[PDB]
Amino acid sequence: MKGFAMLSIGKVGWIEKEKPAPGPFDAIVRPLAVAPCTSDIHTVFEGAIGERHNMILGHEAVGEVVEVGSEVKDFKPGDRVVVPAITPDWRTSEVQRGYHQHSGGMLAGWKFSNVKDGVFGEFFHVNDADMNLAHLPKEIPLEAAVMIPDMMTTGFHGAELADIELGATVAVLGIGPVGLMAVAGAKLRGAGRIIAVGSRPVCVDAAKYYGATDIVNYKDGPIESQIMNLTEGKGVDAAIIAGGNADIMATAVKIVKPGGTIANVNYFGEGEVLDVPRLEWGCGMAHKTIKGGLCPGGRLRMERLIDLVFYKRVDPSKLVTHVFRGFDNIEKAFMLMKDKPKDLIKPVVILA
């Protein structure tokens, strides 16, 4: 078995490993369509999550089941499935507490290319098949399905953590594929006015498409300044962080009004700390809640977004700005993700 992988911090390059074996509960999947993510770029070229050695990358993929363990009951070989970037061990205390995202340690729920071989290989392992895989409906295009395992789920969580109220006006700081899914999320939580913050033109279109009502380019003056202007000093009810500097937090705290919420689904790679503006936080008494969590995973989080897509509640295909054929183009795609061209949102490498 061959596959892309992080050799060492900053060092990438294909390698060779064993076709993994399915435990009695696990399943082995063969990639049907995959995509790269800024998350890999961070942990690889910045050691946000320490160093690793020859660890196949990629967490986003849909594909078919090659073989299942004796105990697997809802998946046969040859079934098409959506594999969540999050595949936690479902029998730990974190789960009983209500946090599979951290089943077995902080962020432990996130296994692929973090603490396990990723989806960028002729085959990949999936722990607890019946709990971590989802049947992919034929009606849903491949390039669209691959947006669910990590873009949709992460973005939507953004909208979930924000406690959006019907008609509330929301601000989405950063409009990359995740930030964009947050704009869709907010629309879905019944947000009224959505203020998206970003410059890449193609993103600005997407944002408007997924629901953005007001675009705010962070090159026409400070962001806090421009928003307080649009909202007339009132501010925003909720603000979701989906990209930017560690100081983006300071910006969000200032634009949300008191009793508002700062929902963060962004992954901070560098910096030893994140700052909170003492004054705008009411010296700690302004009632502005700060949230930040790893996106939900598991079969359910996937069955549900499927429905969202199936019942045309959302169309993630608009995030796919580049479609590459055949395995080989993984490296191309990966790098294409490194130095983000200016016409890019999300690239998808079909395999079969």
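Residue positions are given as counts along the sequence shown, with the first one as 1.
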{"query": "Mean C-alpha temperature factor, higher of 109 to 117 and 149 to 157", "finding": "109 to 117"}
{"query": "Higher-scoring stretch by recorded Cα B factor average, 177 to 185 or 69 to 77", "finding": "69 to 77"}
{"query": "Identity of residue with top Cα B-factor, from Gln96, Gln101, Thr169, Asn245", "finding": "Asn245"}
{"query": "Which of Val314, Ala286, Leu57, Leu294 ranks first by CA B-factor in the deposited coordinates", "finding": "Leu57"}
{"query": "Chain third (lowest, middle, highest) by recorded CA B-factor, residue given as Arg301", "finding": "lowest"}
{"query": "CA B-factor placement of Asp163, once the chain's modelled residues are sorted into thirds", "finding": "lowest"}
{"query": "B-factor third for the C-alpha atom of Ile49 within its chain", "finding": "highest"}
{"query": "Among modelled residues of the same chain, the CA temperature factor third for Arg91", "finding": "middle"}
{"query": "Where the record places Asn229 (Cα B-factor, split into thirds across the chain)", "finding": "middle"}
